[PDB]
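The structure under discussion appears below in the form of structure tokens.
First the proteins, then the strands, lettered A, B, ... as listed; each starts at 1. The basis for the numbers below is simple: all heavy atoms, side chains too, and nothing from hydrogens, waters or symmetry mates.
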Amino acid sequence: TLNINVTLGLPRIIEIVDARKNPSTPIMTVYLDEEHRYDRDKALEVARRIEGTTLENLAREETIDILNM
Amino acid sequence: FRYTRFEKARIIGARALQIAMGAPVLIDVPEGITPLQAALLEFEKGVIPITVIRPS
Amino acid sequence: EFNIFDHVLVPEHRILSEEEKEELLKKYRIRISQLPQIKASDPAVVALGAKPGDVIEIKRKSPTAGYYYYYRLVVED
Amino acid sequence: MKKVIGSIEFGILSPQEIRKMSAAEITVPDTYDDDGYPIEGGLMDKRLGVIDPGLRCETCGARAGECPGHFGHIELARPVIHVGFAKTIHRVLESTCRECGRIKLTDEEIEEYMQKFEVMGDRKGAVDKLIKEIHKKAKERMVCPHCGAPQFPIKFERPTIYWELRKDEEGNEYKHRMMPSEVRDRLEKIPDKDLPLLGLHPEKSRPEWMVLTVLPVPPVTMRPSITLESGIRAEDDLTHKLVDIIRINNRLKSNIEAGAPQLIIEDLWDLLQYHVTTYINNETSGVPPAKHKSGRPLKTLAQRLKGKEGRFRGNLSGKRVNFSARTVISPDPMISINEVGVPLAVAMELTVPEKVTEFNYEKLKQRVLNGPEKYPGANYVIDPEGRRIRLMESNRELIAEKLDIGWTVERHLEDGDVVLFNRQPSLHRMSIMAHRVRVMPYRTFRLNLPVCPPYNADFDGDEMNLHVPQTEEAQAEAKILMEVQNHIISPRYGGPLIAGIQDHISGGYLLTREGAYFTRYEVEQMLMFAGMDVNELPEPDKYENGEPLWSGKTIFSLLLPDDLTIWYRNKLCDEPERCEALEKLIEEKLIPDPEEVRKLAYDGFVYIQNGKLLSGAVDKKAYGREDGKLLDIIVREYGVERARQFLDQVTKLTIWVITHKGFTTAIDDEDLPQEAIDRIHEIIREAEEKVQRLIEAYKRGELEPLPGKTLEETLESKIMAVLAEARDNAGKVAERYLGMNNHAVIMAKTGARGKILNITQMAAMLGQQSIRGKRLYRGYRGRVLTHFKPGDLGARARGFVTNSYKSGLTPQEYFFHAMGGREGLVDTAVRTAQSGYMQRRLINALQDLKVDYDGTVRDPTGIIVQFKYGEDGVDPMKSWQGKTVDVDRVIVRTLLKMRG
DNA sequence: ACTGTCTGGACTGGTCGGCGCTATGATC
DNA sequence: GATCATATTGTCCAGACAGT
Ligand SMILES: [Mg+2]
Ligand SMILES: [Zn+2]
Ligand SMILES: [Zn+2]
């Protein structure tokens, strides 16, 4: 069957057998130690440590002015 | 010692080819069978003379 | 630190001696060029401290046989 | 004696070798004159071979159809760069000095590279890597280490144009065009000792041979000429290309001999270079392809060798074969899985060549005396010396009287003959099997139904091919290896592939269900139909109205071997309490009493003790494909011949059951009472209310984004989840209101044909139509169709069909279902090509792998891919559900054998 | 040492059946 | 009229390459 975003099925097998350097939608499985795998707060904080957040995503409105340029 | 499927097929083919152009049957025949059937009955009777060379 | 052999995906690696390498060559009747290759820049090789020309013996988890013994040859990049 | 090609050595043809191999010199750019005779010195010269039957070849004296053809040579006026080597030539031009001719490396570096070449061995990748490294190192040196002469960078222009970046006396940088003569002169200065550094053989791949001075024109046979129906000869594309090449070469020779200026000579040289480049490869990048006068581009040697229609794939890897037939297949349960229905017309055409021996002399004599028009007869007779005579009416008796030992008779296809049966596409090795010939007077092929799942073949106009082996070795190989019963278990997953399907499963359920009893006449009739060796009827289970009755389990027990005991759960399990009680009773005693088992027997738990079906109903879990446990145990524990006999007998018995008991489906199978319809409508109203509430919450802004997701796809996923829950509830209601007495429900539950969702779709609802995994959105602005308001995200406006097939869909819902079906069809039509390409790639990557006699898988080079196949040396075909040895089954079977 | 860009190659197999095309502007 | 030389030269993935 063709077609989160695990792109499983025939395209996944084709990507695996073709030794693609950058697979479509790469997904990594991350496991935590005994100090973070039993509570939600530590899991969330270590996820935010892993998560790469840029200020453009945090930005809501885009506006370029001329008075301060 | 046992015969593999490929070895058995090769032995039967060689025996049938021998029977087709000579090599009289070492056992009785039902008077009308093909040489392949003759090789099959020869194998079933355990009378085949062809051996298998195996690396060692 | 973090040992690379502690990962569940990384099988056990060992260094074969010259006598063990000769025994491996004799058992399968193959030359040193007929073994599978492993790069000298492989993290397992640099963890073992190996050099090109040696043979790495890999004890891998087998879904069908429990444990399996593979052999690789260290080669230059 | 006889010899075989041990190895093939490749290289570049030297001009001397081309001249020596040439039987003629070609100078006339023409093929035939007005009367049709070949022109001496032309491409169609008799010295290069003959195609027309009347002509006789000059070189070898043979007529058409037996002359192999002879090459010719054309002496080019000026050298022409070969395009295929052209880039490689540039590499050499970047590696050797322009004056001394040696490589641009020091002596120590040369020696070290020689040791590196000697050490590594014969792996191709290392050789290419070393060649690339040497070329990169040499191309950056502007001073020759041996002579000290300055070097200049060389720019390669596709396909055969070389530019040298030179400097004038004023320091200006300009480009000088390197003519092929200058390139060949530079290549001639390279010694043989530097050739291995450039990846060229000193005695086989001299660089000067990479520039063509003599063009080898192919033989007449390899580029044949035919006469059309209008009497006009149709020349080949290669012939036209060679005509153009010869004309341009003659013009260049005439201009050179006339003292033409340099503008003439280089222009004609470029034209000849383009012609030769197109002749080598017409699909070369950067040049216009050679076209016919009608505007059709020509395909030259490169296109003849490469491509799907090329020689390698369309003529060498795969080719058309003789003694083959192909026609439609029709079902035939009356024949065994080992047998194929061969039509009489096909049988009287395809012939098996049988040598006359001391035991089949009378049969072959009768075959010859019957003739080709009488079955069983013969078509051809080959004497021991080797002349083949076709049997007509006149010589039919004469050849029969002349028959002796050593003669060969091409007799008609007889019963018991082994033939190949293949259906395309052949995705797996089980797509072809060797069957036995069964001759019937109809026109179509006939194949047994359990063999259909291996072929992936139904009977909706399927076309199948049949191949008849000719040699005795091929027949023996087909009989032993590729026989049908030898491939019951699929090696892909280690499960049964040749198995009962559809009506077999339905008849097995009807026979083995609780309360199924048959009269004495019915039992005798099914025993005779299935071909079982039951001489005396068993004891009747019960008496009704003064007549004996036999349980269907008792009749099914006669198929199983008397020392067979296995218990499991099938797909008809919906009361686990009875199955648990049966399992517990089996667990304690390990030999439960048959009366005790029958007291609490359940159709959901199959239990066979000593070959007696004490409990359970037959379904896809019994002898179905990929699920049959009973068939899997029978194959592994009792061989393949016993398994084949059991499969044939059980298929015939189930066909008899399903034929006379009455199996049918009607419009009331999907009928539901008013309560079920009211419940479905309530579920519909609840689902639409939930969807509207979600839409309103999203509009008012209180909907919560999913982690990492914004409002739109979060709301879409919530709506799809709500619709999926509604569909599950509707399906559960439909299953609740449809009992086991329904034949469609019987087929769905037993795994014969169809699914529960299929009955749900015809009775309850069609669910939500989705495209590419999401709701339907392609259409107008803000809507899919114009019958809904723009910007509407409701269920009915996005592809959620409320009614089922029985109630009929609305035109909008019909359109949405059409979009869904079109998406599915396009998905399959796209997936098939990608799957085939991936299969071809995997096959070509793993074609040469083979298990050796020591259990190791090695490549032809010798590298040990695996020291043990599958790390345990166990065939997946013979593996037990992917395991090495089923210890549970072995222990249980041995314990039962010793206890009984 | 990275990074975007130019260039090159392949795009499941098989079968049934048909349609249609494979010269021309000077020269005596 | 019947002949005759010539007849132009769509996507996607992977490897190699100037540019910073
Ligand atoms: Mg079909
Ligand atoms: Zn010839
Ligand atoms: Zn030099």
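- At most 12 heavy atoms of other shown residues, nucleotides or ligands fall within 6.0 angstrom of atom CZ in D:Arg822.
- By the 6.0 Å contact criterion, CZ on D:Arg443 is open, its count of non-hydrogen atoms from other residues, nucleotides or ligands being 12 or less.
- Rounded to whole Å, the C1' atom of E:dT27 lies 29 Å from the corresponding atom of F:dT9.
- The 12-atom threshold is exceeded at NZ of D:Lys774, counting heavy atoms of other residues, nucleotides or ligands nearer than 6.0 Å.
- Under the 4.0 Å criterion applied to side-chain N and carboxylate O atoms, A:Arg12 and A:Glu15 are assigned as salt-bridge partners.
- Paired with D:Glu94 under the rule salt bridge (charged side-chain N to carboxylate O under 4.0 Å, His left out), one option of D:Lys136, D:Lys104, D:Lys139 passes, and it is D:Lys139.
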> Reading DNA chain E 5' to 3', how would its secondary structure be written in dot-bracket notation, given Watson-Crick and G-U pairs with both distances under 3.5 Å, brackets [ ] for crossing pairs and | for partners on other strands?
Replying inline: |||||||||||...........||||||
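- Between D:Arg841 and E:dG9 there is no side-chain N or O to OP1 or OP2 distance below 4.0 Å.
- Distances shorter than 4.0 Å separate some side-chain N or O of D:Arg158 from OP1 or OP2 on E:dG8.
- Taking the P atom of each, E:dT22 and F:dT11 are spaced 35 Å apart, rounded to whole Å.
- D:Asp270 comes within 4.0 angstrom of no nucleic acid atom, judged by non-hydrogen atoms across all strands.
- For the pair D:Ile232 CD1 and E:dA23 P, the computed distance is 6 Å after rounding to whole Å.
- Every residue two or more places apart in sequence or in another chain was checked for a side-chain hydrogen bond (donor to acceptor under 3.5 Å, both in side chains) with D:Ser324, and none qualifies.
- In terms of phosphate contacts, D:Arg247 brings no side-chain nitrogen or oxygen within less than 4.0 Å of OP1 or OP2 of F:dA5.
- The base of F:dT9 lies close enough to the side chain of D:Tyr274 for a donor and an acceptor atom to sit less than 3.5 Å apart.
- OP1 or OP2 of E:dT12 has not a single side-chain nitrogen or oxygen of D:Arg831 nearer than 4.0 Å.
- Between the P atoms of F:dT8 and E:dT24, the separation comes to 14 Å (whole Å).
- At the heavy-atom level, D:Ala833 lies under 4.0 Å from base atoms of the strands shown.
- Between D:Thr832 and D:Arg326, it is D:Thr832 whose nearest contact on DNA chain E lies nearer the 5' terminus.
- Comparing D:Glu309 and D:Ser294, the nucleotide of DNA chain E nearest to each residue sits closer to the 5' end for D:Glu309.
- Note on D:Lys308: a side-chain N or O is less than 4.0 Å away from OP1 or OP2 of E:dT12.
- Contact annotation for D:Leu427: no contact, since no heavy-atom pair falls under 4.0 Å across all strands.
- Among the atoms of the strands shown, only primed sugar atoms or phosphate atoms (P, OP1, OP2) are found under 4.0 Å from some heavy atom of D:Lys132.
- Rounded to a whole angstrom, the distance from the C1' atom of E:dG13 to that of F:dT20 is 49 Å.
- Taking only side-chain nitrogens and oxygens, D:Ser285 comes nearer than 4.0 Å to OP1 or OP2 of E:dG8.
- Heavy atoms of other residues, nucleotides or ligands lying less than 6.0 angstrom from CD of D:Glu173 number more than 12.
- When heavy atoms are screened at a 4.0 angstrom cut-off, D:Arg251 is found touching the sugar-phosphate backbone but no base atom.
- Using a 4.0 Å heavy-atom cutoff across all strands shown, D:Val243 reaches at least one base atom of the nucleic acid.
- Taking a 6.0 Å sphere around CG of A:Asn22, one finds it holds 12 or fewer heavy atoms contributed by other residues, nucleotides or ligands.
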